[PDB]
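Shown next, in structure tokens, is the structure this report addresses.
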Amino acid sequence: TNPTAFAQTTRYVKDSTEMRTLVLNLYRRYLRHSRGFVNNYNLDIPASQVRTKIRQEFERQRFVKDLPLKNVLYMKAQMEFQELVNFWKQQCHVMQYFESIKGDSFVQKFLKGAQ
Amino acid sequence: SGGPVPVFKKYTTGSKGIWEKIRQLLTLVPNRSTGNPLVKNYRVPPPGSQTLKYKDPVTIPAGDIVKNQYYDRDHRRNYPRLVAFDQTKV
Amino acid sequence: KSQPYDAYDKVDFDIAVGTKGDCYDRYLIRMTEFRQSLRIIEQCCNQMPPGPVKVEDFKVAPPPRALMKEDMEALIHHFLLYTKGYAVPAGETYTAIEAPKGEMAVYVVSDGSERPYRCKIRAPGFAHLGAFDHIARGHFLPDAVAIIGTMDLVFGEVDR
Amino acid sequence: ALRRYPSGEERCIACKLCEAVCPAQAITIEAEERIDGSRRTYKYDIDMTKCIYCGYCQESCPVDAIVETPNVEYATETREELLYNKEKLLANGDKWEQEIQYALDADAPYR
Amino acid sequence: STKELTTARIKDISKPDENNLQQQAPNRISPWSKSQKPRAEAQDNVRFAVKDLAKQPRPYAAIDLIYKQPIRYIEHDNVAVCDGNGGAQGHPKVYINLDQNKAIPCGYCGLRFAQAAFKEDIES
Amino acid sequence: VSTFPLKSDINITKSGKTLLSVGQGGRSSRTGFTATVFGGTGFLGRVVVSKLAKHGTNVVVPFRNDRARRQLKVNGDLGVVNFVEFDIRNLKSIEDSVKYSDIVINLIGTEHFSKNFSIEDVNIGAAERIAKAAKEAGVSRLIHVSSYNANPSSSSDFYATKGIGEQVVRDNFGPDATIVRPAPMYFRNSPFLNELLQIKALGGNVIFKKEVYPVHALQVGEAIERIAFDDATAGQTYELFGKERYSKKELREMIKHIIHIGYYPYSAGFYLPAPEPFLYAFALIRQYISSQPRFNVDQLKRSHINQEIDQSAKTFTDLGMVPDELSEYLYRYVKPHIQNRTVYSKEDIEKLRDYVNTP
Amino acid sequence: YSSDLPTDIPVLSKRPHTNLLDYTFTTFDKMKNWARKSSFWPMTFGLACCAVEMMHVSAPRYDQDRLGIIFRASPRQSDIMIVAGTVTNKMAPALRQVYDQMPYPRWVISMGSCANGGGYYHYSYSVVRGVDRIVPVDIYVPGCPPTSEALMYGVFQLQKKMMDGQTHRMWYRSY
Amino acid sequence: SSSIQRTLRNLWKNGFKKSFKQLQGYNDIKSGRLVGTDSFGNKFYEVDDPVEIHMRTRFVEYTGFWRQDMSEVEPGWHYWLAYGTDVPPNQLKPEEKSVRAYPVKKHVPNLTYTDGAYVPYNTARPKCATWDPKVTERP
Amino acid sequence: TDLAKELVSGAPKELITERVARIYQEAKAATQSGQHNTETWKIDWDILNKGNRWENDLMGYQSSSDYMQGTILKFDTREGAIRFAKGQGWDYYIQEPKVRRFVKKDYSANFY
Ligand SMILES: NC(=O)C1=CN([C@@H]2O[C@H](COP(=O)(O)OP(=O)(O)OC[C@H]3O[C@@H](n4cnc5c(N)ncnc54)[C@H](OP(=O)(O)O)[C@@H]3O)[C@@H](O)[C@H]2O)C=CC1
Ligand SMILES: CCCCCCCCCCCC(=O)OC[C@H](COP(=O)(O)OCC[N+](C)(C)C)OC(=O)CCCCCCCCCCC
Ligand code: SF4
Ligand code: SF4
Ligand code: SF4
Ligand SMILES: [Zn+2]
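Heads up: the sequence lines are chains A, B, C, D, E, F, G, H and I, in that order. Read in order, the letters of the first sequence are residues 2 to 102, 109 to 122 in full-length UniProt numbering. Read in order, the letters of the second sequence are residues 2 to 91 in full-length UniProt numbering. Read in order, the letters of the third sequence are residues 323 to 482 in full-length UniProt numbering. Read in order, the letters of the fourth sequence are residues 112 to 222 in full-length UniProt numbering. Read in order, the letters of the fifth sequence are residues 13 to 136 in full-length UniProt numbering. Read in order, the letters of the sixth sequence are residues 8 to 268, 272 to 348, 355 to 375 in full-length UniProt numbering. Read in order, the letters of the seventh sequence are residues 30 to 204 in full-length UniProt numbering. Read in order, the letters of the eighth sequence are residues 2 to 140 in full-length UniProt numbering. Read in order, the letters of the ninth sequence are residues 36 to 147 in full-length UniProt numbering.
Here's what the structure looks like:
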């Protein structure tokens with residue numbers, strides 16, 4: 002048995018610095034395929050926004066301190082890339098990923120039932 | 002044993018008369034049944050028109066009125082206890 | 323044979339073993355398993371005994387309707403069996419049978435309650451489909467169709 | 112189908128057993144004391160698109176109020192027509208009472 | 013009217029009509045439970061706009077039917093035994109006590125049992 | 008869309024009906040209303056029915072084309088979208104389309120006439136009879152839809168009947184009837200973006216000189232939602248259109264580059283110039299030979315009329331919605347008709369506009 | 030303008046035949062619908078245990094082919110989509126894509142409790158509670174699984190509906 | 002059961018018009034002893050032909066000509082037709098007939114695709130009753 | 036434990052921001068005298084101020100948008116429940132069970 006395309010071994014890193022090199026490397030790999038993501042997924046937006054929204058999700062996890070949290074967020078980091086490259090997700094999923102979208112006043116939420 | 006069986010010993014519809022002799026002259030294996038069940042034998046008293054009056058079966062030790070205390074045959078509560086042998090007990 | 327269960331130890335039947343590990347061998351073994359089934363089926367028709375078909379234990383088996391409508395304790399057990407259920411002593415198990423597809427097994431974890439705590443189902447097709455890559459390596463598209471059929475992939479079991 | 116006694120009274124005493132066995136949770140029962148004091152149900156639905164046609168409700172009924180008629184030819188154009196409420200199920204019990212007796216007489220002793 | 017058609021009563025007031033589609037049941041006008049939705053309000057809905065109300069299911073109300081039965085009267089015994097008149101195809105066997113000077117209905121069937129000595133007062 | 012189509016969960020109508028909504032606004036929720044979208048099987052009806060049923064508002068959809076209405080039901084939960092067979096030459100059916108409703112919408116209209124209906128019978132007779140019956144059926148709110156140049160004095164038959172249609176509604180239903188006058192609505196499978204993409208456009212120079220303002224069909228659908236659910240819009244007239252001015256001749260050419268279609275456009279018949287007296291003649295013949303709605307005589311007169319904005323009416327800023335420009339939505343509605357895929361943003365489309373007009 | 034709009038014209042399914050050109054378009058409807066009813070070619074969209082009963086309809090005992098029913102493996106050659114089995118979330122976008130690729134006229138049948146309303150898996154995290162949330166469904170076959178005769182009753186019911194269509198008389202009268 | 006002799010004998014026994022109807026809906030020419038007619042009007046036959054295959058010894062003759070609906074078979078006979086019982090519902094013992102205390106009308110077939118299709122509704126009243134407002138005036 | 040384990044669970048953010056869980060031990064029921072359901076600690080989520088239950092118009096069902104309405108967790112030690120709640124970063128609040136006060140009961144007390 003052989004692994005599929007763009008696959009990677011799952012190793013639990015033990016050094017903080019080692020992970021960031023993998024994290025930074027992976028970021029361009031997302032950026033490199035951005036035009037192909039638009040072409041393969043027939044996205045209605047230019048590739049510029051595709052590169053735009055990739056960067057934001059990396060920063061969302063920037064400030065994690067404990068190491069065991071760092072690996073799992075990197076293990077799942079690779080998996081989402083691998084599925085995206087190999088055209089495994091359908092066009093419906095990718096559109097809805099980038100098609101996502109100030110809070111109401113207290114009276115307004117109160118008026119319509121709030122939460 | 003599972004030896005070959007003459008066709009007229011199987012519960013399927015089979016030809017009679019001149020056509021039986023034709024059937025035996027032309028078939029490769031003359032003892033092969035057509036597979037159409039006998040109308041006069043297969044399911045003839047349907048499941049809803051039987052004659053057997055069913056009675057609930059009860060073995061004596063577990064269905065008796067006497068010598069039938071439940072704690073004797075209460076196996077669900079006599080289950081083997083779970084014991085783990087650590088290194089210390091070994 | 324390894325763990326005989328449910329009267330499979332009483333009847334006499336043979337098994338067929340291949341030698342080439344190819345689709346033609348598995349075709350022959352299945353056609354033998356047809357005739358060994360027809361050999362067991364006859365014996366069960368001749369050796370069928372009389373008696374209860376279920377445990378004579380109304381705390382795990384519903385009482386007969388006639389006894390339910392006439393005996394007070396039957397009505398209590400009929401009531402608690404169909405609403406509360408029956409409790410299973412705590413522990414766990416791994417029970418395997420010779421399913422027609424292969425070895426099918428369940429890993430049920432009990433907690434002393436009336437609902438299983440865990441139930442993992444080991445479907446033969448799921449373990450077969452993993453080996454598809456290791457087998458199909460070096461074959462043509464018309465040959466893949468044979469390998470799927472020789473595996474017996476009903477995908478309800480694979481995608482349990 | 113929901114059945115009746117020969118006298119005409121509904122067989123179900125709103126005991127809610129069938130609702131608790133039902134593996135798919137296809138049954139919805141709402142009950143109270145009737146106008147004359149009887150323990151009767153005023154709401155009884157089966158989500159026929161959620162039932163798995165498994166026969167547990169039939170086995171658990173203490174008074175044989177809920178059964179499964181041998182009918183299979185009732186495919187509907189809209190899915191709303193497959194939400195049988197108490198009016199619908201009692202109309203089936205009247206329609207198929209003779210055929211239910213055919214099956215009950217035959218398979219009474221085996222249960 | 014809509015006064016009887018929307019409130020439950022032990023007994024009706026006017027004679028029921030089988031053709032009147034607004035009745036709760038073809039043999040009873042008013043509903044027989046406090047929480048039962050009236051049939052007039054139930055069919056005053058958008059989903060019935062283009063339907064044929066005469067062909068919707070209208071089973072006969074079981075409350076009116078069961079009170080058309082005669083009262084069983086027991087002779088020289090104050091306890092009645094009822095089983096649904098089907099044995100293994102009826103309800104569980106329940107014993108009814110008839111000491112009180114009234115007809116005690118069966119819990120399952122709804123048949124009313126009394127004593128013979130009490131019939132004259134009961135039939136008043 | 009969003010998550011809740013209302014501003015409050017209790018809404019009292021003109022008729023004293025108190026409608027209480029339940030749920031969070033998803034599929035299983037309800038709003039308590041009950042609309043009736045006429046011509047819901049039409050182009051605009053499908054978007055309007057979808058938005059109402061998406062939030063649990065019961066919608067009665069009168070139909071005549073049995074198959075065309077089937078796809079309407081996917082938008083609503085069980086029992087939400089209801090179907091009533093009807094014909095505008097039948098009154099009983101219309102009196103059942105509006106029997107239980109709390110909102111009546113009238114999208115029925117035509118720019119072509121047929122052997123069984125004329126433009127006079129449809130844009131005027133139907134809308135009148137709907138409003139007369141919707142009033143006698145105790146409906147609190149009526150919303151009507153007309154053309155973008157409703158003017159009873161127009162020599163064109165479409166705007167002659169559309170303009171009179173506005174009057175006969177308020178003269179039948181009363182001074183509460185809202186009115187919507189959308190601009191040419193562009194969307195997937197829209198009648199407007201179709202003839203711009205059609206290859207063999209006979210008489211192209213005659214037809215495509217007409218100037219209009221683009222408008223999103225979804226915004227028209229969402230605008231109709233805000234109007235029905237707001238009682239402050241009763242008796243108000245809305246003129247819905249876009250900001251930037253576009254001409255079909257500009258669009259038919261800007262589209263041409265996106266489609267990427272030397273010798274071929276001339277040989278394939280993309281350009282089919284025609285003397286006008288012939289077009290009046292051929293379109294005359296197809297009125298009684300073709301069995302399908304072809305580009306007829308009355309539509310020809312409209313090509314001589316640019317869009318007019320009745321500045322005394324209201325716009326999207328009254329509804330607090332920003333109108334959507336065709337720049338950002340032209341591309342995604344021509345992908346069906348469309355190395356690296358060539359994607360046009362707002363900047364790409366506007367630059368493409370410059371190239372068409374540059375000699 | 031002037032519009033003399035009657036009120037008493039019956040709706041199309043009720044309109045009696047009056048002139049000759051009604052029968053001419055009715056005959057073109059019957060001949061067209063009779064062919065579509067008789068060449069009832071479904072699409073092999075079996076997903077789970079409901080598909081086993083679907084194959085048994087084609088078995089010798091019931092023999093769907095004797096009625097002109099031939100299962101086709103492509104949307105191009107199929108006009109009936111039979112949803113036989115559970116529609117999961119992961120399968121849902123594919124089901125819509127396969128549905129869109131069927132040329133008109135097309136009908137969809139929902140077989141069994143999973144397709145109808147989720148069935149046994151109604152409260153699962155990965156099951157669509159009714160395929161009518163994804164595609165329009167023309168008839169619902171109830172059961173788990175529906176018997177082979179129950180599926181044939183659903184097919185027979187749909188054919189009775191297809192023979193009731195008036196696609197061409199609609200143009201002459203409703204249009 | 003497929004030979005033209007079996008079709009010839011059944012063709013002659015029935016006569017033209019009975020056999021022409023079977024040549025229109027049944028697709029097969031059969032003849033059998035009449036057992037009974039149900040409330041809708043369908044007639045149920047039984048086949049005595051020694052060559053008829055296992056599941057084809059009973060059949061129906063629907064009332065209509067161009068159309069047949071399986072829901073038109075009365076429930077009593079629906080069980081007999083499926084080889085579920087040996088006693089037809091017209092030969093029932095009086096101690097086996099169902100006792101109905103309500104009038105029984107003509108059989109109603111499946112009403113889907115019509116206006117008679119059943120409409121579900123909630124049979125329970127709302128669970129909260131809002132205040133019936135009254136105004137009282139201060140002294 | 037100390038880690039923000041919720042960042043790997045994939046749970047929606049609203050369980051951290053918008054919902055409140057409760058750690059409690061089920062109380063003894065008045066109707067029955069059994070004392071076994073009150074020996075395991077459980078976690079349940081508070082209901083929603085609107086949209087917890089509403090009547091379905093068509094069939095009178097009980098519709099809900101709360102995806103935690105039928106989720107009850109079981110534990111065997113109080114600490115394990117609190118530790119697990121801490122691990123997920125849940126905004127919980129603990130309900131201390133009442134303890135019945137001992138009172139000796141004597142047969143002879145009916146006269147003395
Ligand atoms: N870009 C656009 O589409 C523009 C359209 N408008 C106007 O909006 C209104 C809605 O049209 P739209 O949805 O966009 O596209 P359509 O022209 O396809 O909508 C027409 C609707 O009216 C119905 N209709 C026509 N004649 C009859 C009739 N005798 N009986 C019953 N129904 C009839 C049609 O029913 P059926 O489908 O079954 O035939 C259809 O639903 C029209 O009046 C149009 O002039 C104004 C500005 C822009
Ligand atoms: C170039 C092409 C060549 C021709 C192609 C052939 C097409 C096949 C024909 C389709 C038949 C069909 O469909 O017949 C069945 C259909 C559908 O009947 P239904 O749906 O039950 O409604 C019809 C019955 N009613 C309305 C009463 C309920 O009509 C019929 O019952 C027709 C009944 C009258 C037939 C008169 C025929 C006159 C003689 C014709 C020959 C001399
Ligand atoms: S047969 Fe249907 S309704 Fe009855 S218990 Fe089984 S799933 Fe529930
Ligand atoms: S089990 Fe029988 S008696 Fe009990 S609620 Fe169900 S139908 Fe009624
Ligand atoms: S409805 Fe029943 S038989 Fe059909 S796919 Fe679902 S579980 Fe299987
Ligand atoms: Zn009784």
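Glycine included, every Cβ here is placed at the ideal spot set by N, Cα and C.
#1: Looking at C-alpha atoms only, which residue of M199/G, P175/G, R90/G and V81/G is the closest neighbour of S139/G?
#2: Across the segment 166-183 of chain F and the segment 130-138 of chain F, are there enough close Cβ pairs to call them in contact, namely three or more that are closer than 8 Å?
#3: Could you check whether the Cβ of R68/H sits closer than 6 Å to any heavy atom belonging to ligand 2?
#4: If the cut-off is 8 Å on Cβ atoms, which residues from the segment 44-78 of chain E count as contacting chain F, listed in chain order?
#5: How about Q302/F and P165/G: do their beta carbons lie closer than 7 Å?
#6: Which residues have a Cβ closer than 5 Å to any heavy atom of ligand 5, listed in chain order?
#7: Beta-carbon separation of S254/F and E218/F under 7 Å?
#8: When Cβ atoms are compared, which residues of the segment 184-196 of chain G fall closer than 9 Å to chain H?
#9: Less than 7 Å separating the beta-carbons of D308/F and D164/F?
#10: My parser needs the beta strand (DSSP E) runs of 3 or more residues fully inside the segment 20-108 of chain F; what are they?
#11: Taking 7 Å as the threshold (C-beta atoms), are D205/D and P71/E in contact?
#12: Report the neighbours of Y12/B on chain H: residues whose CB is nearer than 7 Å to its CB, in chain order.
#13: Answer yes or no: the CB of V178/D versus the heavy atoms of ligand 4, is any distance below 6 Å?
#14: Starting from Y182/G, find everything on chain H with Cβ-Cβ shorter than 7 Å and list it in chain order.
#15: Who does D79/I pair with in a DSSP beta bridge?
#16: Short check: CB of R440/C to CB of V431/C, under 7 Å?
#17: Under 8 Å: do the segment 396-410 of chain C and the segment 440-458 of chain C share three or more Cβ pairs, one atom per stretch?
#18: Determine the extent of the beta strand (DSSP E) in which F356/C is found, giving its start and end residues.
#19: Chain D partners of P104/E, CB-CB under 7 Å?
#20: So which of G119/D, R150/D and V178/D has the shortest CA-CA distance to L215/D?
#21: Where do the ends of the beta strand (DSSP E) carrying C143/G lie?
#22: According to DSSP, is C118/E part of a helix, a strand, or is it coil?
#23: Whole alpha helix (DSSP H) runs in the UniProt domain "Complex 1 LYR protein" (24-83) of chain A with 4 or more residues, listed along the chain?
#24: Quick one: list the residues of chain C neighbouring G64/B, beta-carbon separation under 7 Å, in chain order.
#25: Counting contacts by CB-CB distance shorter than 7 Å, is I5/H in contact with chain B?
#26: What residues in its chain sit with their C-beta under 7 Å from that of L82/H, if we drop five residues either side in the sequence?
#27: Determine whether the Cβ of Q97/A lies closer than 7 Å to any Cβ atom of chain G.
#28: Taking the straight line between their C-alpha atoms, what separation do you get for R95/G and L289/F?
#29: Could I get the ranges of all uninterrupted alpha helix (DSSP H) runs contained in the segment 38-113 of chain G, with 4 residues as the minimum, in chain order?
#30: May I ask which residues mark the beginning and end of the beta strand (DSSP E) holding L149/F?
In this structure, then:
#1: Considering only alpha carbons, the answer is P175/G.
#2: Output reads yes: the segment 130-138 of chain F touches the segment 166-183 of chain F.
#3: At least one heavy atom of ligand 2 is nearer than 6 Å to the Cβ of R68/H, so yes.
#4: Result list: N57, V58, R59, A61 and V62.
#5: Not a contact, by the Cβ cut-off of 7 Å.
#6: Result (chain order): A77/G, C78/G, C79/G, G114/G, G141/G, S142/G, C143/G, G148/G, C173/G and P174/G.
#7: A contact, by the Cβ cut-off of 7 Å.
#8: Residues of the segment 184-196 of chain G whose Cβ lies closer than 9 Å to any Cβ of chain H, in chain order: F185, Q186, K189, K190, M192 and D193.
#9: A contact, by the Cβ cut-off of 7 Å.
#10: For the segment 20-108 of chain F, whole beta strand (DSSP E) runs of length 3 or above, ordered along the chain, are 25-27, 41-45, 65-70 and 88-92.
#11: It is a contact, given that the beta carbons lie within the stated cut-off.
#12: By Cβ distance, chain H contributes nothing, its closest Cβ being about 11 Å from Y12/B, past 7 Å.
#13: Because no heavy atom of ligand 4 lies under 6 Å away, the Cβ of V178/D does not count as near it: no.
#14: Per Cβ cutoff of 7 Å: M71.
#15: Under DSSP, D79/I forms a beta bridge with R57/I.
#16: Result yes, Cβ atoms of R440/C and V431/C sit closer than 7 Å.
#17: No, they do not touch.
#18: Premise fails: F356/C lies in the alpha helix (DSSP H), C345 to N368, not in any beta strand (DSSP E).
#19: Around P104/E, the beta-carbon contacts reaching into chain D at under 7 Å are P173.
#20: The candidate whose alpha carbon is nearest that of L215/D is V178/D.
#21: Looking at the DSSP string, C143/G is not in any beta strand (DSSP E); the run it does join, the alpha helix (DSSP H), is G141 to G146.
#22: In the three-state DSSP reduction, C118/E falls in the coil class, being neither helix nor strand.
#23: As far as the UniProt domain "Complex 1 LYR protein" (24-83) of chain A is concerned, its whole alpha helix (DSSP H) runs of at least 4 residues are 35-42 and 48-60.
#24: Against chain C, the beta carbon of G64/B has neighbours under 7 Å at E378, listed in chain order.
#25: Closer than 7 Å: no.
#26: Hits under 7 Å: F45, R59, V61 and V74.
#27: No, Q97/A does not count as interfacial toward chain G.
#28: Each residue's Cα considered, the two are about 54 Å apart.
#29: Segments of the alpha helix (DSSP H) lying fully in the segment 38-113 of chain G: 49-67 and 79-86.
#30: First-last of the beta strand (DSSP E) with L149/F: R148 to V152.
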